[PDB]
Amino acid sequence: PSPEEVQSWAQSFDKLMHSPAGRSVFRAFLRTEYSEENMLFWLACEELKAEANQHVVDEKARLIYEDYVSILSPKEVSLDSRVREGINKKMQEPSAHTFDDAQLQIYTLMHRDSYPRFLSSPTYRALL
């Protein structure tokens, strides 16, 4: 929580996701703009990598395809296109890298829509 996490996260993005306190401040600022669901969408996607098993890989795969692609609330991650078909075709016999295309597209939305304002958001200048 020192000006290092602040000066460090402003020079590179990895340091922001490769640390517990980073994923935290980002989880809060986003909550304001009502853009936190995408946050979990990243952990749930990068969580399936600590498995790559086979039996649990299927149950969990549904939680992701169910909690979003199916239906649940207006908080549906902004996504739906050529990828909606690739996920439905790859859904059979999934793997620890099926959302690699979806999880990527989103990580880009936060980097492009949240980084320009986060670098100047009070949540980050509030500790500066």
# chains A, B, ... in the order shown; residues from 1 in each chain; ligands from 1
>>> residues_around(residues="residue 77 of chain A", least_positions_apart="5", cutoff="12 Å", atoms="only C-alpha atoms", output="VMD selection string")
chain A and resid 34 to 42 64 to 65 67 to 72 102 to 103 105 to 107 109 to 110
>>> select_by_dssp(residues="segment 8-108 of chain A", states="alpha helix (DSSP H)", output="number ranges by chain")
A: 8-9, 14-17, 20-33, 37-47, 55-64, 82-90, 100-108
>>> residues_around(residues="residue 12 of chain A", least_positions_apart="4", cutoff="12 Å", atoms="only C-alpha atoms", output="PDB file with N, CA and C atoms, in the first residue's frame")
ATOM      1  N   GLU A   5       3.494   0.358  -4.906  1.00  0.00           N
ATOM      2  CA  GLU A   5       2.384  -0.318  -5.632  1.00  0.00           C
ATOM      3  C   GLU A   5       1.760   0.692  -6.602  1.00  0.00           C
ATOM      4  N   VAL A   6       1.708   1.915  -6.173  1.00  0.00           N
ATOM      5  CA  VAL A   6       1.166   3.030  -7.001  1.00  0.00           C
ATOM      6  C   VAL A   6       2.167   3.383  -8.105  1.00  0.00           C
ATOM      7  N   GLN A   7       3.394   3.655  -7.775  1.00  0.00           N
ATOM      8  CA  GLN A   7       4.370   4.005  -8.841  1.00  0.00           C
ATOM      9  C   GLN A   7       4.665   2.762  -9.686  1.00  0.00           C
ATOM     10  N   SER A   8       4.558   1.604  -9.098  1.00  0.00           N
ATOM     11  CA  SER A   8       4.858   0.346  -9.846  1.00  0.00           C
ATOM     12  C   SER A   8       3.713  -0.020 -10.802  1.00  0.00           C
ATOM     13  N   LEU A  16       0.169  -5.166 -11.827  1.00  0.00           N
ATOM     14  CA  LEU A  16      -1.206  -4.891 -11.302  1.00  0.00           C
ATOM     15  C   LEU A  16      -1.983  -6.201 -11.101  1.00  0.00           C
ATOM     16  N   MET A  17      -1.858  -7.141 -12.003  1.00  0.00           N
ATOM     17  CA  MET A  17      -2.620  -8.424 -11.863  1.00  0.00           C
ATOM     18  C   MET A  17      -1.754  -9.500 -11.198  1.00  0.00           C
ATOM     19  N   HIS A  18      -0.462  -9.309 -11.136  1.00  0.00           N
ATOM     20  CA  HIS A  18       0.412 -10.346 -10.506  1.00  0.00           C
ATOM     21  C   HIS A  18       0.582 -10.058  -9.012  1.00  0.00           C
ATOM     22  N   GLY A  22      -3.179  -5.441  -5.788  1.00  0.00           N
ATOM     23  CA  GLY A  22      -3.562  -4.764  -7.060  1.00  0.00           C
ATOM     24  C   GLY A  22      -4.989  -5.176  -7.420  1.00  0.00           C
ATOM     25  N   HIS A 111      -8.146  -2.736 -20.080  1.00  0.00           N
ATOM     26  CA  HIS A 111      -6.863  -2.043 -20.403  1.00  0.00           C
ATOM     27  C   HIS A 111      -7.141  -0.820 -21.281  1.00  0.00           C
ATOM     28  N   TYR A 115      -7.975   1.671 -18.121  1.00  0.00           N
ATOM     29  CA  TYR A 115      -6.592   2.186 -17.867  1.00  0.00           C
ATOM     30  C   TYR A 115      -6.485   3.707 -18.111  1.00  0.00           C
ATOM     31  N   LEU A 119      -5.687   5.539 -14.517  1.00  0.00           N
ATOM     32  CA  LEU A 119      -4.380   6.241 -14.309  1.00  0.00           C
ATOM     33  C   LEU A 119      -4.645   7.647 -13.759  1.00  0.00           C
TER      34      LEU A 119
END
>>> residues_around(residues="segment 84-86 of chain A", least_positions_apart="3", cutoff="10 Å", atoms="only C-alpha atoms", output="ChimeraX atom specification")
/A:69,79-81,89-91,98-99,101-102
>>> write_last_selection(atoms="N, CA, C and O atoms", output="PDB file, in the first residue's frame")
ATOM      1  N   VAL A  69     -22.817 -16.233 -20.436  1.00  0.00           N
ATOM      2  CA  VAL A  69     -23.352 -16.607 -21.787  1.00  0.00           C
ATOM      3  C   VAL A  69     -24.834 -16.993 -21.722  1.00  0.00           C
ATOM      4  O   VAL A  69     -25.596 -16.681 -22.615  1.00  0.00           O
ATOM      5  N   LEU A  79     -19.980  -8.828 -24.353  1.00  0.00           N
ATOM      6  CA  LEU A  79     -19.342  -9.776 -25.312  1.00  0.00           C
ATOM      7  C   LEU A  79     -20.431 -10.569 -26.037  1.00  0.00           C
ATOM      8  O   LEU A  79     -21.451 -10.891 -25.465  1.00  0.00           O
ATOM      9  N   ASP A  80     -20.210 -10.887 -27.290  1.00  0.00           N
ATOM     10  CA  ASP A  80     -21.214 -11.663 -28.088  1.00  0.00           C
ATOM     11  C   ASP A  80     -20.907 -11.456 -29.576  1.00  0.00           C
ATOM     12  O   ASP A  80     -21.259 -10.449 -30.158  1.00  0.00           O
ATOM     13  N   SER A  81     -20.260 -12.402 -30.196  1.00  0.00           N
ATOM     14  CA  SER A  81     -19.936 -12.261 -31.644  1.00  0.00           C
ATOM     15  C   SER A  81     -19.327 -13.566 -32.154  1.00  0.00           C
ATOM     16  O   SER A  81     -19.640 -14.639 -31.677  1.00  0.00           O
ATOM     17  N   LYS A  89     -19.026 -24.110 -29.800  1.00  0.00           N
ATOM     18  CA  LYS A  89     -18.492 -25.279 -30.551  1.00  0.00           C
ATOM     19  C   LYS A  89     -17.378 -25.949 -29.742  1.00  0.00           C
ATOM     20  O   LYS A  89     -17.188 -27.148 -29.808  1.00  0.00           O
ATOM     21  N   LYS A  90     -16.634 -25.188 -28.985  1.00  0.00           N
ATOM     22  CA  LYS A  90     -15.526 -25.782 -28.180  1.00  0.00           C
ATOM     23  C   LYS A  90     -16.064 -26.261 -26.827  1.00  0.00           C
ATOM     24  O   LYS A  90     -15.450 -27.072 -26.161  1.00  0.00           O
ATOM     25  N   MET A  91     -17.206 -25.769 -26.418  1.00  0.00           N
ATOM     26  CA  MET A  91     -17.791 -26.200 -25.111  1.00  0.00           C
ATOM     27  C   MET A  91     -17.674 -27.718 -24.957  1.00  0.00           C
ATOM     28  O   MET A  91     -17.395 -28.212 -23.883  1.00  0.00           O
ATOM     29  N   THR A  98     -10.032 -22.515 -22.777  1.00  0.00           N
ATOM     30  CA  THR A  98     -11.177 -22.344 -23.711  1.00  0.00           C
ATOM     31  C   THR A  98     -11.570 -20.865 -23.791  1.00  0.00           C
ATOM     32  O   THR A  98     -11.868 -20.351 -24.850  1.00  0.00           O
ATOM     33  N   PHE A  99     -11.583 -20.181 -22.679  1.00  0.00           N
ATOM     34  CA  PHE A  99     -11.967 -18.742 -22.698  1.00  0.00           C
ATOM     35  C   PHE A  99     -10.777 -17.886 -23.140  1.00  0.00           C
ATOM     36  O   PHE A  99     -10.908 -16.693 -23.328  1.00  0.00           O
ATOM     37  N   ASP A 101      -9.734 -16.830 -25.533  1.00  0.00           N
ATOM     38  CA  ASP A 101     -10.135 -15.781 -26.513  1.00  0.00           C
ATOM     39  C   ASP A 101     -11.096 -14.801 -25.832  1.00  0.00           C
ATOM     40  O   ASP A 101     -10.990 -13.600 -25.986  1.00  0.00           O
ATOM     41  N   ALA A 102     -12.031 -15.308 -25.079  1.00  0.00           N
ATOM     42  CA  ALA A 102     -13.003 -14.419 -24.381  1.00  0.00           C
ATOM     43  C   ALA A 102     -12.297 -13.675 -23.246  1.00  0.00           C
ATOM     44  O   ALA A 102     -12.379 -12.468 -23.134  1.00  0.00           O
TER      45      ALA A 102
END
>>> atom_distance(atom1="atom CA of residue 123 of chain A", atom2="atom CA of residue 30 of chain A")
9.6 Å
>>> residues_around(residues="residue 95 of chain A", least_positions_apart="4", cutoff="10 Å", atoms="only C-alpha atoms", output="PyMOL selection string")
chain A and resi 48-49+51-54+57-58+61+90-91+99-100
>>> residues_around(residues="residue 118 of chain A", least_positions_apart="3", cutoff="12 Å", atoms="only C-alpha atoms", output="list in words")
residues 6, 9, 10, 13, 16, 25, 26, 27, 28, 29, 30, 32, 33, 110, 111, 112, 113, 114, 115, 121, 122, 123, 124, 125 and 126 of chain A
>>> write_last_selection(atoms="N, CA and C atoms", output="JSON list (two decimals), in the first residue's frame")
[["chain", "number", "residue", "atom", "x", "y", "z"],
["A", 6, "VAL", "N", 1.71, 1.91, -6.17],
["A", 6, "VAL", "CA", 1.17, 3.03, -7.00],
["A", 6, "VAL", "C", 2.17, 3.38, -8.11],
["A", 9, "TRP", "N", 2.49, 0.09, -10.36],
["A", 9, "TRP", "CA", 1.34, -0.29, -11.24],
["A", 9, "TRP", "C", 1.15, 0.74, -12.35],
["A", 10, "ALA", "N", 1.75, 1.90, -12.25],
["A", 10, "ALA", "CA", 1.54, 2.93, -13.32],
["A", 10, "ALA", "C", 2.60, 2.79, -14.41],
["A", 13, "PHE", "N", 1.51, -3.12, -16.49],
["A", 13, "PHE", "CA", 0.18, -3.71, -16.12],
["A", 13, "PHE", "C", 0.35, -5.05, -15.38],
["A", 16, "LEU", "N", 0.17, -5.17, -11.83],
["A", 16, "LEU", "CA", -1.21, -4.89, -11.30],
["A", 16, "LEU", "C", -1.98, -6.20, -11.10],
["A", 25, "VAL", "N", -7.57, -2.98, -5.36],
["A", 25, "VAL", "CA", -7.90, -1.58, -5.73],
["A", 25, "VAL", "C", -8.65, -1.57, -7.06],
["A", 26, "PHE", "N", -8.29, -2.42, -7.98],
["A", 26, "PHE", "CA", -9.01, -2.44, -9.28],
["A", 26, "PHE", "C", -10.44, -2.95, -9.02],
["A", 27, "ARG", "N", -10.58, -3.90, -8.14],
["A", 27, "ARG", "CA", -11.93, -4.44, -7.83],
["A", 27, "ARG", "C", -12.80, -3.34, -7.23],
["A", 28, "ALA", "N", -12.22, -2.39, -6.53],
["A", 28, "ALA", "CA", -13.03, -1.31, -5.91],
["A", 28, "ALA", "C", -13.39, -0.24, -6.94],
["A", 29, "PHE", "N", -12.41, 0.44, -7.49],
["A", 29, "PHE", "CA", -12.69, 1.50, -8.50],
["A", 29, "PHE", "C", -13.74, 1.00, -9.51],
["A", 30, "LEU", "N", -13.52, -0.15, -10.08],
["A", 30, "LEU", "CA", -14.50, -0.70, -11.06],
["A", 30, "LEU", "C", -15.89, -0.75, -10.40],
["A", 32, "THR", "N", -17.37, 1.08, -8.57],
["A", 32, "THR", "CA", -18.05, 2.39, -8.74],
["A", 32, "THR", "C", -18.68, 2.44, -10.13],
["A", 33, "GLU", "N", -17.87, 2.45, -11.15],
["A", 33, "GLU", "CA", -18.41, 2.50, -12.54],
["A", 33, "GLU", "C", -19.30, 1.28, -12.81],
["A", 110, "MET", "N", -10.75, -3.63, -20.27],
["A", 110, "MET", "CA", -10.33, -2.90, -19.05],
["A", 110, "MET", "C", -9.04, -2.13, -19.35],
["A", 111, "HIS", "N", -8.15, -2.74, -20.08],
["A", 111, "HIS", "CA", -6.86, -2.04, -20.40],
["A", 111, "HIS", "C", -7.14, -0.82, -21.28],
["A", 112, "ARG", "N", -8.11, -0.92, -22.15],
["A", 112, "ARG", "CA", -8.40, 0.22, -23.08],
["A", 112, "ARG", "C", -9.42, 1.20, -22.47],
["A", 113, "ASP", "N", -10.46, 0.71, -21.83],
["A", 113, "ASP", "CA", -11.50, 1.65, -21.28],
["A", 113, "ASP", "C", -11.22, 2.03, -19.81],
["A", 114, "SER", "N", -10.60, 1.18, -19.05],
["A", 114, "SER", "CA", -10.36, 1.50, -17.60],
["A", 114, "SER", "C", -8.95, 2.07, -17.35],
["A", 115, "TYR", "N", -7.98, 1.67, -18.12],
["A", 115, "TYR", "CA", -6.59, 2.19, -17.87],
["A", 115, "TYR", "C", -6.49, 3.71, -18.11],
["A", 121, "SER", "N", -7.84, 8.13, -11.88],
["A", 121, "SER", "CA", -9.04, 7.99, -11.02],
["A", 121, "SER", "C", -8.66, 8.34, -9.57],
["A", 122, "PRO", "N", -9.59, 8.87, -8.79],
["A", 122, "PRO", "CA", -9.29, 9.22, -7.39],
["A", 122, "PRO", "C", -8.86, 7.97, -6.60],
["A", 123, "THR", "N", -9.45, 6.84, -6.89],
["A", 123, "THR", "CA", -9.08, 5.59, -6.16],
["A", 123, "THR", "C", -7.57, 5.36, -6.25],
["A", 124, "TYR", "N", -6.95, 5.84, -7.29],
["A", 124, "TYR", "CA", -5.47, 5.65, -7.45],
["A", 124, "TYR", "C", -4.74, 6.93, -7.01],
["A", 125, "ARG", "N", -5.33, 8.08, -7.20],
["A", 125, "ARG", "CA", -4.64, 9.33, -6.78],
["A", 125, "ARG", "C", -4.96, 9.60, -5.30],
["A", 126, "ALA", "N", -5.91, 8.89, -4.79],
["A", 126, "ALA", "CA", -6.32, 9.04, -3.36],
["A", 126, "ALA", "C", -5.20, 8.56, -2.44]]
>>> atom_distance(atom1="atom CA of residue 4 of chain A", atom2="atom CA of residue 128 of chain A")
10.0 Å
>>> closest_residue(among="A:96, A:63, A:104, A:56", to="residue 83 of chain A", atoms="only C-alpha atoms")
A:104
>>> decode(residues="segment 3-121 of chain A", atoms="C-alpha atoms", output="CSV table (one decimal), in the first residue's frame")
chain,number,residue,atom,x,y,z
A,3,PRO,CA,3.8,4.7,-3.3
A,4,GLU,CA,5.6,1.6,-4.8
A,5,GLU,CA,2.4,-0.3,-5.6
A,6,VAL,CA,1.2,3.0,-7.0
A,7,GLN,CA,4.4,4.0,-8.8
A,8,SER,CA,4.9,0.3,-9.8
A,9,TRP,CA,1.3,-0.3,-11.2
A,10,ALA,CA,1.5,2.9,-13.3
A,11,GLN,CA,4.7,1.8,-15.2
A,12,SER,CA,3.5,-1.7,-16.1
A,13,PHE,CA,0.2,-3.7,-16.1
A,14,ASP,CA,1.5,-7.2,-15.1
A,15,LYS,CA,2.5,-5.9,-11.6
A,16,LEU,CA,-1.2,-4.9,-11.3
A,17,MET,CA,-2.6,-8.4,-11.9
A,18,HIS,CA,0.4,-10.3,-10.5
A,19,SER,CA,-0.3,-9.2,-6.9
A,20,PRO,CA,-3.2,-9.6,-4.4
A,21,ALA,CA,-3.4,-5.9,-3.4
A,22,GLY,CA,-3.6,-4.8,-7.1
A,23,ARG,CA,-6.6,-6.9,-8.0
A,24,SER,CA,-8.1,-5.3,-4.9
A,25,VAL,CA,-7.9,-1.6,-5.7
A,26,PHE,CA,-9.0,-2.4,-9.3
A,27,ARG,CA,-11.9,-4.4,-7.8
A,28,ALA,CA,-13.0,-1.3,-5.9
A,29,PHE,CA,-12.7,1.5,-8.5
A,30,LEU,CA,-14.5,-0.7,-11.1
A,31,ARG,CA,-17.3,-1.3,-8.5
A,32,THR,CA,-18.0,2.4,-8.7
A,33,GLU,CA,-18.4,2.5,-12.5
A,34,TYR,CA,-20.5,-0.7,-12.0
A,35,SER,CA,-17.8,-2.6,-14.0
A,36,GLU,CA,-16.7,-5.2,-11.4
A,37,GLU,CA,-18.4,-8.3,-12.8
A,38,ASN,CA,-15.7,-8.2,-15.5
A,39,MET,CA,-13.1,-8.4,-12.7
A,40,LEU,CA,-14.3,-11.8,-11.5
A,41,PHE,CA,-14.7,-12.9,-15.1
A,42,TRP,CA,-10.9,-12.6,-15.2
A,43,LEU,CA,-10.2,-14.6,-12.0
A,44,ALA,CA,-12.8,-17.3,-12.9
A,45,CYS,CA,-11.1,-17.5,-16.3
A,46,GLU,CA,-7.5,-17.6,-14.9
A,47,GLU,CA,-8.8,-19.9,-12.1
A,48,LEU,CA,-9.6,-22.7,-14.5
A,49,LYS,CA,-5.9,-22.9,-15.2
A,50,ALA,CA,-5.2,-24.3,-11.7
A,51,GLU,CA,-7.2,-27.4,-12.7
A,52,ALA,CA,-6.9,-28.6,-16.3
A,53,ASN,CA,-8.1,-31.9,-14.7
A,54,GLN,CA,-11.1,-33.4,-16.4
A,55,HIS,CA,-14.0,-34.0,-14.0
A,56,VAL,CA,-14.0,-30.6,-12.2
A,57,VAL,CA,-13.1,-28.9,-15.5
A,58,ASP,CA,-16.6,-29.7,-16.7
A,59,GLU,CA,-18.7,-28.6,-13.6
A,60,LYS,CA,-16.8,-25.3,-13.4
A,61,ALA,CA,-16.9,-24.7,-17.1
A,62,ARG,CA,-20.7,-24.4,-16.7
A,63,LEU,CA,-20.5,-21.8,-13.9
A,64,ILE,CA,-18.7,-19.6,-16.4
A,65,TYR,CA,-21.0,-20.4,-19.4
A,66,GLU,CA,-24.0,-20.4,-17.1
A,67,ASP,CA,-23.4,-17.2,-15.0
A,68,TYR,CA,-22.9,-15.2,-18.2
A,69,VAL,CA,-23.4,-16.6,-21.8
A,70,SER,CA,-26.7,-18.1,-20.6
A,71,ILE,CA,-28.5,-15.4,-18.5
A,72,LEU,CA,-28.4,-14.0,-14.9
A,73,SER,CA,-28.7,-10.1,-14.9
A,74,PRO,CA,-28.2,-7.0,-16.9
A,75,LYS,CA,-24.6,-7.3,-15.7
A,76,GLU,CA,-23.7,-9.5,-18.7
A,77,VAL,CA,-20.1,-8.9,-19.7
A,78,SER,CA,-20.0,-6.8,-23.0
A,79,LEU,CA,-19.3,-9.8,-25.3
A,80,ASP,CA,-21.2,-11.7,-28.1
A,81,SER,CA,-19.9,-12.3,-31.6
A,82,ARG,CA,-17.8,-14.7,-33.7
A,83,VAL,CA,-16.6,-15.8,-30.2
A,84,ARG,CA,-20.1,-16.7,-29.0
A,85,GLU,CA,-20.0,-19.5,-31.7
A,86,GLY,CA,-16.4,-20.6,-31.0
A,87,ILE,CA,-17.3,-21.1,-27.3
A,88,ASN,CA,-20.4,-23.0,-28.1
A,89,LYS,CA,-18.5,-25.3,-30.6
A,90,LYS,CA,-15.5,-25.8,-28.2
A,91,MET,CA,-17.8,-26.2,-25.1
A,92,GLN,CA,-17.7,-29.9,-25.9
A,93,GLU,CA,-14.5,-31.4,-24.4
A,94,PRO,CA,-13.4,-28.0,-23.0
A,95,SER,CA,-9.8,-27.4,-21.7
A,96,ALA,CA,-7.8,-25.1,-19.3
A,97,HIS,CA,-7.7,-22.5,-22.2
A,98,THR,CA,-11.2,-22.3,-23.7
A,99,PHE,CA,-12.0,-18.7,-22.7
A,100,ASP,CA,-8.4,-17.7,-23.7
A,101,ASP,CA,-10.1,-15.8,-26.5
A,102,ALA,CA,-13.0,-14.4,-24.4
A,103,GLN,CA,-10.9,-13.7,-21.3
A,104,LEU,CA,-8.4,-11.9,-23.6
A,105,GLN,CA,-11.0,-9.7,-25.3
A,106,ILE,CA,-12.2,-8.6,-21.9
A,107,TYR,CA,-8.8,-8.0,-20.4
A,108,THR,CA,-8.4,-5.6,-23.4
A,109,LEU,CA,-11.6,-3.8,-22.5
A,110,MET,CA,-10.3,-2.9,-19.0
A,111,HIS,CA,-6.9,-2.0,-20.4
A,112,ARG,CA,-8.4,0.2,-23.1
A,113,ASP,CA,-11.5,1.6,-21.3
A,114,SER,CA,-10.4,1.5,-17.6
A,115,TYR,CA,-6.6,2.2,-17.9
A,116,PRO,CA,-7.0,5.7,-19.4
A,117,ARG,CA,-9.2,6.8,-16.5
A,118,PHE,CA,-7.8,4.6,-13.8
A,119,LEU,CA,-4.4,6.2,-14.3
A,120,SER,CA,-6.2,9.4,-13.2
A,121,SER,CA,-9.0,8.0,-11.0
